[PDB]
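> Just the first chains of my complex for now:
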Amino acid sequence: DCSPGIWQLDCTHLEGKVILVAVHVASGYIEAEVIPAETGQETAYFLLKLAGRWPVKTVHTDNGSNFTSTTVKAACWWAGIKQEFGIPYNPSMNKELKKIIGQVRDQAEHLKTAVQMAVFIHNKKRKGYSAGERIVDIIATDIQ
């Protein structure tokens, strides 16, 4: 898609651990972190964090059941987030992110650290703005 308030939220798996990945669809900018379990409370808390940092209007996911828990619904309610309906499911940051994590994996002991390193690398890599520059440009324009 490409509206500036649209984000996509999914979980991946690596080293037996769960990584929550959010993508700002218009820019390719990512936020990701290892979470202790793939549960509604983790997703809800992550969304509240995300929404305080960026103007999150709608969220999409590739696993719709992710958004059925009462706790997640309460988080979208409180932050005024709606579900996104304009992106069809047609069955990949996850693998690109995983590629980077593999590249920097030995630079740190804990997977959670490597994930943040990969997020950093991803957001700053120019390809010609970087995703990090694109998101702030997109958002600022949309404000003014």
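In hand now; what should we look at? Numbers count the residues shown, from 1 in each chain, chains lettered A, B, ... in the order given.

> give me every residue that touches residue A:121.
Residue A:121 is in contact with A:100, A:103-104, counting by Cβ atoms under 8 Å, 6 or more residues apart in numbering. The way it works is simple: take the backbone N, C-alpha and C, and place the C-beta from them, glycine included.

> so how many other residues sit close to residue A:105?
17 (other Cβ atoms under 10 Å).

> Tell me which residues touch the closest residue to it other than its chain neighbours, please.
Once flanking residues are discounted, residue A:105 sits nearest to residue A:114: 5.1 Å by Cβ to Cβ, 6 or more residues apart in numbering. The neighbourhood of residue A:114, defined by Cβ under 8 Å, 6+ apart, consists of A:101, A:104-105, A:107-108.

> Show me the residues you listed that map onto helices.
Secondary structure from DSSP state H places A:101, A:104 of these in helices.

> all strands for chain A, in order.
A:6-14, A:17-24, A:29-35, A:58-60, A:82-83 (DSSP state E).

> just to revisit the earlier point, now the residue nearest to residue A:105: how far from residue A:72?
Distance, residue A:114 to residue A:72, by Cβ to Cβ, to the nearest Å: 27 Å.

> Drop chain B onto that structure:
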Amino acid sequence: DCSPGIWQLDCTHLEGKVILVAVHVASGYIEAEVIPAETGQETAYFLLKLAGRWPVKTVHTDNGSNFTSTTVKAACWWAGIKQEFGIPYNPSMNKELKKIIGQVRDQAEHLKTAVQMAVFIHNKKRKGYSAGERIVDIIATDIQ
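Chain B, in position alongside the others:
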């Protein structure tokens, strides 16, 4: 101060818990979270997260010993962060943030949740842009 890459990082205490608070000095925009202990590894991990999300050039603090641990130094090294020298120590988001947390405290069970709610409220409150609008404007301008 007011250069766009300057952040300030401090910890506060509430309900026997530790809250790490980072302020983008130019805008007043905040990121904050409860951390399990006031240690170097927590600070280092937080800085890496922060640096992947915003262009962090220099960091200041009101407790200089916060930045003496080897792990913190390694995080600033990896992310290319330097210590800020242009802000003198003259002995307050912490209390403003605490005010908001008090106001929304019953809206959630866990302090960590209320903290994210307070961060959200703080960043979006207009007073006339909001801190959230100011930071992206400041950064985007500085890019172009």
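
> and the contacts of residue A:121, now that chain B is in?
By Cβ atoms under 8 Å, 6 or more residues apart in numbering or on different chains, residue A:121 lies in contact with A:100, A:103-104.

> Just put those in a markdown table and tack on neighbour count and distance to chain B.
Shown next, in a markdown table, are the contacts of residue A:121 (neighbours: other Cβ atoms under 10 Å in any protein chain shown; distance: Cβ to the nearest Cβ, whole Å):
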| residue | neighbour count | distance to chain B |
| --- | --- | --- |
| A:100 | 19 | 11 |
| A:103 | 13 | 14 |
| A:104 | 17 | 10 |
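
> ok, which residues in chain A are in contact with chain B?
A:31, A:33, A:45, A:48-49, A:51-55, A:78-79, A:107, A:112-113, A:116-117, A:119-120, A:122-124, A:132-133, A:136-137, A:139-141, A:143-144 (Cβ under 8 Å from any Cβ of the partner chain).

> Show me which of these are buried.
A:31, A:33, A:45, A:48-49, A:51-55, A:78-79, A:112-113, A:116-117, A:119-120, A:122-124, A:132-133, A:136-137, A:139-140, A:143 (16 or more other Cβ atoms under 10 Å in any protein chain shown).

> Find the nearest non-adjacent residue to the most far-flung residue of chain A relative to its centre, please.
Most distant residue from the mean C-alpha position of chain A: residue A:144, 25.0 Å away (Cα atoms, centre = their mean). Once flanking residues are discounted, residue A:144 sits nearest to residue B:137: 7.3 Å by Cβ to Cβ, 6 or more residues apart in numbering or on different chains.
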